[PDB]
Amino acid sequence: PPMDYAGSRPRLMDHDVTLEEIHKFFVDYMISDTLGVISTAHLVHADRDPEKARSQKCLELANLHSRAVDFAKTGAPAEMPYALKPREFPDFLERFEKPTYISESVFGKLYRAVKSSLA
Amino acid sequence: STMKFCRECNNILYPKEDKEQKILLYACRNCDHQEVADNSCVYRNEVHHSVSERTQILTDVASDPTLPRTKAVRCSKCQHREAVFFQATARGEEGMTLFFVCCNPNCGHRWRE
Amino acid sequence: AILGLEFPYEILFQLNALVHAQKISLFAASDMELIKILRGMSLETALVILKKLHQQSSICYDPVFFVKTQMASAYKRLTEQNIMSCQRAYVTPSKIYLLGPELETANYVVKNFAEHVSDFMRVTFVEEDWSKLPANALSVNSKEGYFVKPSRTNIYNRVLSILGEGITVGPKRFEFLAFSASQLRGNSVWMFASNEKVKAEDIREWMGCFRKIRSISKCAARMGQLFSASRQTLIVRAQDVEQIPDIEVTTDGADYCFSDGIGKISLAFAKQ
Ligand SMILES: [Zn+2]
Ligand SMILES: [Zn+2]
């Protein structure tokens, strides 16, 4: 079954826009903008823990991703938790400064095949 | 609940209404003196709940209820399930929106719905 | 105030862009001789020599010697392939970099306002390395009292002041018009220089009336949605439009709507 598509409650103001709160929203959009890290964390957690997309961690990541993609429509921050950070990246990434771990998933096999073909 | 003393004999006055005069008047029963009223106010009391005097400390009347607590929600900064939820208005928004406060003594994090 | 003359805006903008680039310093182009030479000349030749100087591989020390040794269509482009020259600006916490009149695809807002092609300027807020601003540079968290409360940094106030007062480049002052959905994810915003003919408020009210929307994000989204690249077609009045009812189904206590943005078109409309 698919996940629920019900979004957050809309925020309605009691007064008209005075061109200041829109600037506040535009500046605050940079803060707590975790749209790009949720997908990376989900991929890392799927590659690490077997039986991926079955545990509650993947469901929480998907819900957070939906809430973050709803940020541009409704003013609801994603609120990315600290404990869900990957702190580890597979070989098929450009994060050379970050620690690299050898992945044994299907993506790891594909990357090894590509490396062997190029070499 | 107001009271005043007529300048003639310095005695309490009771309010009364006259159909012909169509105005508020005060006259005491001690002397036949009638004076004009001011502000047309005969009763003014601030509503208070101080009825059970010297009894609200022994028996818990529960004047200020405690906020409910839930364990279904999960905090973000810490992995604690207990949190306090309540409804309150925003700074400029309309309606009631749900809030959450973490119950972890070492977390101190609050977030909206 | 140093110039105090009728110097054009395009040449001044090009000079500012060249100074911002690591080609010529500030005082090397602020002398009287350079502006005296650049004041009265041919405009096309002046633009050609300015862009040639901007194309110099290394840093130029003497601009006067270089410039001594060196010596309509917009509407058609918009109608053909929507080709416009839009100014792009980069605002950093330290300074501001002007890229220059880079060619880019034109949007709908410049179709009916093609005479102010130079008043439109794209402003992007980046870091010193022209990268995205980190979350620690804006509203750093601090534990004050029983609960944690974010504390706004000076960069936050600087961005607010830039958005409010606006950016002044020569004899112009750019004002905030709107930002598209893609620009919100790229920290970009459109700015239009107010003129005696049409101001920013005039364009804003010409696009539509946004006072009906009571949501902060929804109002911005609706104001910025009409900035995508598109091809101009014929004009249709408001006399022949239908009001077909839609279909809704409510199962398991959930509102599921089949028709979200679906529509209906004819064959003659497709041919036209
Ligand atoms: Zn009396
Ligand atoms: Zn907590």
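The numbers used for chain B are those of Swiss-Prot, and the residues that appear cover 2-114, in sequence.
Method on record in the header is electron microscopy, 3.4 Å.
Placed from the backbone N, Cα and C atoms, the Cβ positions cover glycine too.
Cβ neighbours within 10 Å of B:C29 (Zn(2+) 1 binding site), excluding its own Cβ and spanning all shown chains: 19. Here Swiss-Prot flags B:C7, B:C10, B:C29, B:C32 as Zn(2+) 1 binding site.
Here Swiss-Prot flags B:72-113 as zinc finger, drawing on sequence analysis.
Look at Swiss-Prot and you will find B:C76, B:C79, B:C103, B:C108 tagged as Zn(2+) 2 binding site. Around B:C79 (Zn(2+) 2 binding site), a 10 Å sphere centred on its CB holds 15 further CB atoms from the protein chains shown.
Ligand 2 lies within reach of B:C76, B:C79 from the binding-site residues B:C10, B:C29, B:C32, B:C76, B:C79, judged by a C-beta closer than 6 angstroms to any of its atoms.
Annotation: B:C103 carries the greatest number of neighbouring Cβ atoms among the binding-site residues B:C10, B:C103 [cut-off 10 Å, Cβ to Cβ]. It is B:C32, among the binding-site residues B:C7, B:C32, B:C76, B:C108, whose Cβ has the fewest other Cβ atoms within 10 Å in the structure shown. The CA atom of B:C32 (Zn(2+) 1 binding site) is located 71 Å away from the CA atom of B:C103 (Zn(2+) 2 binding site).
The CA atom of B:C7 (Zn(2+) 1 binding site) is located 64 Å away from the CA atom of B:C103 (Zn(2+) 2 binding site).
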